[PDB]
Every structure is written in structure tokens, then in C-alpha cells.
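See below for start.txt, which holds compact mmCIF, N, CA and C atoms.
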```txt
# COMPACT_ATOMS: atom_id res chain seq x y z
N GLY J 205 -15.99 5.16 12.51
CA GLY J 205 -17.36 5.34 12.10
C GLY J 205 -17.97 6.59 12.69
N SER J 206 -19.00 7.08 12.01
CA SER J 206 -19.79 8.23 12.45
C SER J 206 -21.11 8.19 11.68
N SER J 207 -21.89 9.28 11.76
CA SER J 207 -23.16 9.31 11.06
C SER J 207 -23.00 9.46 9.56
N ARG J 208 -21.85 9.96 9.09
CA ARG J 208 -21.62 10.17 7.67
C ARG J 208 -20.29 9.63 7.16
N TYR J 209 -19.33 9.34 8.04
CA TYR J 209 -18.03 8.85 7.63
C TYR J 209 -17.85 7.42 8.12
N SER J 210 -17.30 6.57 7.25
CA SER J 210 -17.07 5.17 7.60
C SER J 210 -16.03 4.61 6.64
N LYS J 211 -14.93 4.09 7.19
CA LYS J 211 -13.85 3.56 6.36
C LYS J 211 -13.01 2.62 7.20
N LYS J 212 -12.70 1.45 6.66
CA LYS J 212 -11.83 0.48 7.32
C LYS J 212 -10.43 0.62 6.76
N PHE J 213 -9.47 0.94 7.63
CA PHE J 213 -8.08 1.16 7.24
C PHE J 213 -7.32 -0.13 7.51
N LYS J 214 -7.07 -0.90 6.46
CA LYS J 214 -6.27 -2.11 6.60
C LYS J 214 -4.79 -1.74 6.62
N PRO J 215 -4.05 -2.11 7.66
CA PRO J 215 -2.61 -1.81 7.68
C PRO J 215 -1.87 -2.56 6.59
N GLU J 216 -0.83 -1.91 6.07
CA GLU J 216 0.03 -2.50 5.07
C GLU J 216 1.46 -2.54 5.59
N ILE J 217 2.20 -3.57 5.19
CA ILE J 217 3.57 -3.77 5.63
C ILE J 217 4.47 -3.85 4.40
N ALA J 218 5.54 -3.06 4.40
CA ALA J 218 6.46 -2.97 3.28
C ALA J 218 7.68 -2.17 3.71
N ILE J 219 8.72 -2.21 2.88
CA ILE J 219 9.97 -1.51 3.14
C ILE J 219 9.96 -0.23 2.31
N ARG J 220 9.87 0.91 2.98
CA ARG J 220 9.77 2.21 2.36
C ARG J 220 11.13 2.90 2.33
N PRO J 221 11.33 3.86 1.43
CA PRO J 221 12.57 4.64 1.45
C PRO J 221 12.69 5.45 2.73
N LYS J 222 13.93 5.66 3.17
CA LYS J 222 14.18 6.33 4.43
C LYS J 222 13.94 7.82 4.30
N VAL J 223 12.98 8.34 5.06
CA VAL J 223 12.70 9.77 5.14
C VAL J 223 12.73 10.17 6.61
N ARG J 224 13.53 11.19 6.93
CA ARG J 224 13.82 11.57 8.31
C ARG J 224 14.30 10.36 9.11
N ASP J 225 15.29 9.67 8.53
CA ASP J 225 15.94 8.45 9.02
C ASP J 225 14.98 7.46 9.67
N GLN J 226 13.79 7.30 9.09
CA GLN J 226 12.80 6.37 9.61
C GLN J 226 12.24 5.54 8.46
N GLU J 227 12.18 4.22 8.67
CA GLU J 227 11.79 3.30 7.61
C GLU J 227 10.28 3.29 7.37
N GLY J 228 9.48 3.52 8.41
CA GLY J 228 8.05 3.32 8.34
C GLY J 228 7.32 4.46 7.65
N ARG J 229 6.00 4.39 7.71
CA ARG J 229 5.12 5.36 7.07
C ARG J 229 3.83 5.44 7.88
N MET J 230 3.12 6.56 7.75
CA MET J 230 1.89 6.76 8.51
C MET J 230 0.97 7.74 7.80
N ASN J 231 -0.26 7.31 7.52
CA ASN J 231 -1.25 8.14 6.85
C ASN J 231 -2.17 8.76 7.89
N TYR J 232 -2.22 10.09 7.91
CA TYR J 232 -3.05 10.83 8.86
C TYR J 232 -4.39 11.16 8.23
N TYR J 233 -5.44 11.17 9.05
CA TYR J 233 -6.80 11.40 8.59
C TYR J 233 -7.47 12.44 9.47
N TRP J 234 -8.62 12.92 9.01
CA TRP J 234 -9.45 13.82 9.79
C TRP J 234 -10.89 13.68 9.34
N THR J 235 -11.81 14.07 10.22
CA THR J 235 -13.23 14.04 9.90
C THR J 235 -13.96 15.02 10.80
N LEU J 236 -15.18 15.35 10.41
CA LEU J 236 -16.03 16.25 11.17
C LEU J 236 -17.13 15.45 11.87
N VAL J 237 -17.50 15.91 13.07
CA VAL J 237 -18.55 15.30 13.86
C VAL J 237 -19.59 16.37 14.15
N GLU J 238 -20.84 16.09 13.79
CA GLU J 238 -21.93 17.02 14.05
C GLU J 238 -22.30 17.01 15.53
N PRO J 239 -22.98 18.06 16.01
CA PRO J 239 -23.51 18.02 17.38
C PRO J 239 -24.48 16.86 17.56
N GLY J 240 -24.41 16.23 18.73
CA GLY J 240 -25.27 15.10 19.01
C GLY J 240 -24.94 13.84 18.25
N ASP J 241 -23.73 13.73 17.73
CA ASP J 241 -23.30 12.59 16.94
C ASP J 241 -22.37 11.70 17.75
N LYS J 242 -21.95 10.59 17.13
CA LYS J 242 -21.05 9.64 17.76
C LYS J 242 -19.94 9.27 16.78
N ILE J 243 -18.70 9.27 17.27
CA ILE J 243 -17.56 8.77 16.52
C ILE J 243 -17.05 7.52 17.22
N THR J 244 -16.54 6.58 16.44
CA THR J 244 -16.16 5.27 16.95
C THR J 244 -14.76 4.92 16.47
N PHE J 245 -13.95 4.35 17.36
CA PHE J 245 -12.60 3.89 17.03
C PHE J 245 -12.45 2.46 17.51
N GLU J 246 -12.48 1.51 16.58
CA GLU J 246 -12.32 0.10 16.89
C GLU J 246 -11.16 -0.45 16.07
N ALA J 247 -10.16 -1.01 16.75
CA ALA J 247 -8.99 -1.51 16.05
C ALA J 247 -8.27 -2.52 16.93
N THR J 248 -7.38 -3.29 16.30
CA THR J 248 -6.54 -4.24 17.01
C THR J 248 -5.06 -3.92 16.86
N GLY J 249 -4.72 -2.75 16.34
CA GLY J 249 -3.34 -2.36 16.16
C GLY J 249 -3.19 -1.41 14.99
N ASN J 250 -1.98 -0.86 14.87
CA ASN J 250 -1.62 0.08 13.80
C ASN J 250 -2.57 1.27 13.74
N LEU J 251 -2.94 1.80 14.91
CA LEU J 251 -3.83 2.95 14.97
C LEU J 251 -3.33 3.92 16.01
N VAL J 252 -3.08 5.16 15.60
CA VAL J 252 -2.78 6.24 16.52
C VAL J 252 -4.07 6.98 16.83
N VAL J 253 -4.31 7.25 18.11
CA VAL J 253 -5.63 7.65 18.59
C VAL J 253 -5.56 9.09 19.10
N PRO J 254 -6.57 9.92 18.84
CA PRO J 254 -6.52 11.31 19.31
C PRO J 254 -6.43 11.42 20.82
N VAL K 155 7.26 -12.99 -15.95
CA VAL K 155 6.43 -14.19 -15.86
C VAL K 155 7.15 -15.15 -14.92
N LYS K 156 6.44 -16.21 -14.53
CA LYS K 156 6.97 -17.21 -13.61
C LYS K 156 8.12 -17.93 -14.31
N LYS K 157 9.35 -17.62 -13.90
CA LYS K 157 10.52 -18.28 -14.46
C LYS K 157 10.68 -19.67 -13.86
N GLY K 158 10.89 -20.66 -14.72
CA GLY K 158 10.99 -22.03 -14.26
C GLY K 158 9.70 -22.53 -13.65
N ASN K 159 9.68 -22.69 -12.33
CA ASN K 159 8.49 -23.13 -11.63
C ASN K 159 8.23 -22.27 -10.39
N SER K 160 8.67 -21.02 -10.41
CA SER K 160 8.44 -20.11 -9.29
C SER K 160 8.52 -18.67 -9.78
N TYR K 161 7.97 -17.77 -8.98
CA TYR K 161 8.11 -16.33 -9.19
C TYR K 161 8.61 -15.75 -7.87
N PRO K 162 9.92 -15.74 -7.65
CA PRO K 162 10.46 -15.30 -6.35
C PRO K 162 10.16 -13.84 -6.07
N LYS K 163 10.42 -13.45 -4.82
CA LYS K 163 10.20 -12.08 -4.40
C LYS K 163 11.11 -11.13 -5.16
N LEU K 164 10.55 -10.01 -5.60
CA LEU K 164 11.26 -9.02 -6.40
C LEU K 164 11.37 -7.74 -5.59
N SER K 165 12.57 -7.15 -5.58
CA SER K 165 12.80 -5.90 -4.88
C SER K 165 14.00 -5.20 -5.51
N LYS K 166 13.77 -4.01 -6.05
CA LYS K 166 14.83 -3.23 -6.67
C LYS K 166 14.37 -1.79 -6.75
N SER K 167 15.33 -0.87 -6.79
CA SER K 167 15.04 0.55 -6.67
C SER K 167 15.83 1.33 -7.71
N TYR K 168 15.51 2.62 -7.81
CA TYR K 168 16.23 3.57 -8.65
C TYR K 168 16.37 4.88 -7.89
N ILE K 169 17.55 5.47 -7.95
CA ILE K 169 17.85 6.73 -7.27
C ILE K 169 17.94 7.81 -8.33
N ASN K 170 17.04 8.79 -8.25
CA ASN K 170 17.06 9.89 -9.20
C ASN K 170 18.30 10.74 -8.99
N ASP K 171 19.11 10.89 -10.04
CA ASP K 171 20.31 11.70 -9.97
C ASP K 171 20.50 12.62 -11.18
N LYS K 172 19.61 12.57 -12.16
CA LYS K 172 19.81 13.32 -13.40
C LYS K 172 19.26 14.74 -13.30
N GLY K 173 19.58 15.42 -12.20
CA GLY K 173 19.27 16.83 -11.97
C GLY K 173 17.91 17.36 -12.38
N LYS K 174 16.88 16.53 -12.36
CA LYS K 174 15.54 16.94 -12.79
C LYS K 174 14.55 15.85 -12.40
N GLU K 175 13.27 16.13 -12.64
CA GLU K 175 12.20 15.20 -12.32
C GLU K 175 12.14 14.08 -13.36
N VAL K 176 11.53 12.97 -12.97
CA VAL K 176 11.40 11.83 -13.87
C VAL K 176 10.11 11.06 -13.62
N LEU K 177 9.31 10.88 -14.66
CA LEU K 177 8.18 9.96 -14.58
C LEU K 177 8.66 8.52 -14.70
N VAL K 178 8.07 7.65 -13.90
CA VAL K 178 8.38 6.22 -13.91
C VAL K 178 7.04 5.50 -13.97
N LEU K 179 6.66 5.06 -15.17
CA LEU K 179 5.34 4.49 -15.40
C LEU K 179 5.38 2.97 -15.36
N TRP K 180 4.43 2.38 -14.65
CA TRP K 180 4.36 0.94 -14.45
C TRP K 180 2.90 0.52 -14.47
N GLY K 181 2.67 -0.78 -14.28
CA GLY K 181 1.32 -1.31 -14.26
C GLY K 181 1.20 -2.48 -13.30
N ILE K 182 -0.04 -2.94 -13.14
CA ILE K 182 -0.35 -4.14 -12.36
C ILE K 182 -1.31 -4.98 -13.18
N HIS K 183 -0.88 -6.18 -13.56
CA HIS K 183 -1.74 -7.06 -14.32
C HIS K 183 -2.72 -7.77 -13.40
N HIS K 184 -3.94 -7.98 -13.91
CA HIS K 184 -5.03 -8.58 -13.15
C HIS K 184 -5.58 -9.75 -13.94
N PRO K 185 -5.01 -10.94 -13.76
CA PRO K 185 -5.49 -12.11 -14.51
C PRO K 185 -6.92 -12.48 -14.17
N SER K 186 -7.60 -13.10 -15.14
CA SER K 186 -9.03 -13.34 -15.02
C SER K 186 -9.35 -14.46 -14.03
N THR K 187 -8.62 -15.56 -14.09
CA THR K 187 -8.96 -16.75 -13.32
C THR K 187 -7.76 -17.23 -12.51
N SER K 188 -8.03 -18.08 -11.52
CA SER K 188 -6.97 -18.61 -10.68
C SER K 188 -6.01 -19.49 -11.46
N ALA K 189 -6.48 -20.10 -12.55
CA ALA K 189 -5.57 -20.82 -13.44
C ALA K 189 -4.58 -19.86 -14.08
N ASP K 190 -5.03 -18.66 -14.42
CA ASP K 190 -4.11 -17.63 -14.91
C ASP K 190 -3.15 -17.18 -13.82
N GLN K 191 -3.60 -17.14 -12.57
CA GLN K 191 -2.67 -16.92 -11.46
C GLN K 191 -1.60 -18.00 -11.40
N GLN K 192 -2.01 -19.26 -11.55
CA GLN K 192 -1.07 -20.37 -11.41
C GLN K 192 -0.14 -20.50 -12.61
N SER K 193 -0.54 -20.01 -13.78
CA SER K 193 0.29 -20.10 -14.97
C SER K 193 1.15 -18.86 -15.19
N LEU K 194 0.52 -17.68 -15.27
CA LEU K 194 1.26 -16.44 -15.49
C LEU K 194 2.10 -16.05 -14.28
N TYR K 195 1.79 -16.57 -13.11
CA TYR K 195 2.55 -16.33 -11.89
C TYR K 195 2.65 -17.65 -11.15
N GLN K 196 3.08 -17.61 -9.89
CA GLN K 196 3.20 -18.85 -9.14
C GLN K 196 2.40 -18.86 -7.85
N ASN K 197 2.39 -17.76 -7.10
CA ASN K 197 1.71 -17.71 -5.81
C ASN K 197 0.31 -17.13 -5.96
N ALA K 198 -0.66 -17.76 -5.29
CA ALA K 198 -2.02 -17.25 -5.31
C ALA K 198 -2.12 -15.91 -4.59
N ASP K 199 -1.77 -15.89 -3.30
CA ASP K 199 -1.67 -14.63 -2.59
C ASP K 199 -0.41 -13.90 -3.01
N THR K 200 -0.53 -12.59 -3.19
CA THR K 200 0.57 -11.76 -3.67
C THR K 200 0.23 -10.30 -3.44
N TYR K 201 1.27 -9.49 -3.30
CA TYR K 201 1.13 -8.06 -3.05
C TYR K 201 2.09 -7.28 -3.94
N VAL K 202 1.64 -6.12 -4.40
CA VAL K 202 2.45 -5.22 -5.21
C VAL K 202 2.70 -3.96 -4.40
N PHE K 203 3.94 -3.48 -4.41
CA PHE K 203 4.29 -2.30 -3.63
C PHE K 203 5.19 -1.39 -4.45
N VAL K 204 4.95 -0.09 -4.34
CA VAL K 204 5.85 0.94 -4.84
C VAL K 204 5.96 2.03 -3.78
```
Mind turning the file's structure into C-alpha cells?
Amino acid sequence: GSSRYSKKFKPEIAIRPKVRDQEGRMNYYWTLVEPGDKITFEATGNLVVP
Amino acid sequence: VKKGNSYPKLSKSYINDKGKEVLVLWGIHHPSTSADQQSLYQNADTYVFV
């Protein structure tokens, strides 16, 4: 969450084709934070953190 | 459709080998009511993956 960005990323589980000999998958994201703003990271798993 | 009295888990793949690109077009049906879930399929909860 932030002052303008908000999205809940529900993890998904499935068998993907092997790329770089690894079964899993990972979606990377980015966002901008204005001066004097707040960004929030709340999760219970399946989250890589900056 | 639900064969017999179940719709077991489905998993199958295709390996592109015909020296060029290939479109593979599919769909996801969205039945109107839970009775349509119970008739056209078998399990209420279900997931589609590609």
C-alpha cells in the first residue's frame, strides 16, 4: 500500500515448465513513493522484500 | 464435461518442435449457477492453469 498504489497479491501454486532448471515462478513489481509518503508491506509468505 | 460422476485432475502439455511459432487458443467456461457447477463439472472449488 501507499498513497496511490494498492494491490493484494494472492500467491498461486502450480507446476510450471522448467526455465533455468527451476520449477517455480516469480512476478516482480515496482512502484513510486512521493516525498512525505508511506509504503506498507504486510504478508504471511510468498513475498520477497526490498 | 464431468465423465461418469467425477471430473478428475487434468494435466497435459505440448512441446513446440515445428521450427516456428504457434498460437494455442483456449477458453475458460463460467457457468451461471452452482447447479451448473455440479452438473457440467464435479468440484465446486476449482482452478485453471496454463
Local residues around (-4.2, -0.3, 5.9), at most 10 Å away, using only C-alpha atoms, as a VMD selection string: chain J and resid 212 to 217 230 to 231 250 to 251
Only N, CA and C atoms, please: the residues just picked out, written as a short mmCIF file (atom, residue, chain, number, x, y, z; two decimals), in the coordinates of the input.
```cif
data_model
loop_
_atom_site.label_atom_id
_atom_site.label_comp_id
_atom_site.auth_asym_id
_atom_site.auth_seq_id
_atom_site.Cartn_x
_atom_site.Cartn_y
_atom_site.Cartn_z
N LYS J 212 -12.70 1.45 6.66
CA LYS J 212 -11.83 0.48 7.32
C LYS J 212 -10.43 0.62 6.76
N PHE J 213 -9.47 0.94 7.63
CA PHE J 213 -8.08 1.16 7.24
C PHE J 213 -7.32 -0.13 7.51
N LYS J 214 -7.07 -0.90 6.46
CA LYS J 214 -6.27 -2.11 6.60
C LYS J 214 -4.79 -1.74 6.62
N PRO J 215 -4.05 -2.11 7.66
CA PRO J 215 -2.61 -1.81 7.68
C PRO J 215 -1.87 -2.56 6.59
N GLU J 216 -0.83 -1.91 6.07
CA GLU J 216 0.03 -2.50 5.07
C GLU J 216 1.46 -2.54 5.59
N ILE J 217 2.20 -3.57 5.19
CA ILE J 217 3.57 -3.77 5.63
C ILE J 217 4.47 -3.85 4.40
N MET J 230 3.12 6.56 7.75
CA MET J 230 1.89 6.76 8.51
C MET J 230 0.97 7.74 7.80
N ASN J 231 -0.26 7.31 7.52
CA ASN J 231 -1.25 8.14 6.85
C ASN J 231 -2.17 8.76 7.89
N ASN J 250 -1.98 -0.86 14.87
CA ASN J 250 -1.62 0.08 13.80
C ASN J 250 -2.57 1.27 13.74
N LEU J 251 -2.94 1.80 14.91
CA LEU J 251 -3.83 2.95 14.97
C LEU J 251 -3.33 3.92 16.01
#
```
Determine which residues of chain K receive a DSSP assignment of alpha helix (DSSP H), computed from the backbone, and state them as a PDB file with N, CA and C atoms, in the coordinates of the input.
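Once everything was written out, this is selection.pdb:
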```pdb
ATOM      1  N   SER K 188      -8.030 -18.080 -11.520  1.00  0.00           N
ATOM      2  CA  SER K 188      -6.970 -18.610 -10.680  1.00  0.00           C
ATOM      3  C   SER K 188      -6.010 -19.490 -11.460  1.00  0.00           C
ATOM      4  N   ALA K 189      -6.480 -20.100 -12.550  1.00  0.00           N
ATOM      5  CA  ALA K 189      -5.570 -20.820 -13.440  1.00  0.00           C
ATOM      6  C   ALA K 189      -4.580 -19.860 -14.080  1.00  0.00           C
ATOM      7  N   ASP K 190      -5.030 -18.660 -14.420  1.00  0.00           N
ATOM      8  CA  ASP K 190      -4.110 -17.630 -14.910  1.00  0.00           C
ATOM      9  C   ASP K 190      -3.150 -17.180 -13.820  1.00  0.00           C
ATOM     10  N   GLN K 191      -3.600 -17.140 -12.570  1.00  0.00           N
ATOM     11  CA  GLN K 191      -2.670 -16.920 -11.460  1.00  0.00           C
ATOM     12  C   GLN K 191      -1.600 -18.000 -11.400  1.00  0.00           C
ATOM     13  N   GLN K 192      -2.010 -19.260 -11.550  1.00  0.00           N
ATOM     14  CA  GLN K 192      -1.070 -20.370 -11.410  1.00  0.00           C
ATOM     15  C   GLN K 192      -0.140 -20.500 -12.610  1.00  0.00           C
ATOM     16  N   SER K 193      -0.540 -20.010 -13.780  1.00  0.00           N
ATOM     17  CA  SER K 193       0.290 -20.100 -14.970  1.00  0.00           C
ATOM     18  C   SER K 193       1.150 -18.860 -15.190  1.00  0.00           C
ATOM     19  N   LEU K 194       0.520 -17.680 -15.270  1.00  0.00           N
ATOM     20  CA  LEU K 194       1.260 -16.440 -15.490  1.00  0.00           C
ATOM     21  C   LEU K 194       2.100 -16.050 -14.280  1.00  0.00           C
TER      22      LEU K 194
END
```
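Going from atom C of residue 219 in chain J to CA of residue 170 in chain K covers 16.9 Å.
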Could you give me, as CSV, every chain J residue with an atom at most 8 Å from chain K, plus its closest atom pair and distance in Å to one decimal, counting all atoms listed in the file, rows ordered by chain then number?
```
residue,atom,partner,partner_atom,distance
J:218,CA,K:203,CA,7.3
J:219,C,K:204,C,7.6
J:220,CA,K:204,C,7.2
J:221,N,K:204,C,7.7
```
Gap from CA of residue 206 in chain J to CA of residue 242 in chain J - Å, one decimal: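 Pair CA of residue 206 in chain J / CA of residue 242 in chain J returns 5.6 Å.
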Pairwise distance for atom C of residue 181 in chain K and atom C of residue 227 in chain J, rounded to one decimal in Å: 23.3 Å
Close residues, range 190-196 of chain K itself excluded, 9 Å, only C-alpha atoms, min 5 positions apart in chain, as a list in words: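 My reading of the contact set: residues 155, 156, 157, 159, 160, 161, 162, 184 and 185 of chain K.
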Shell of 5 Å around residue 205 in chain J, all atoms listed in the file, local chain residues under 4 positions omitted, as a PyMOL selection string: chain J and resi 209-210+243-244
All residues 8 Å or closer to residue 208 in chain J, all atoms listed in the file, same chain fewer than 5 positions away omitted, as a list in words: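 Within the cut-off, the hits are residues 236, 237, 238 and 242 of chain J.
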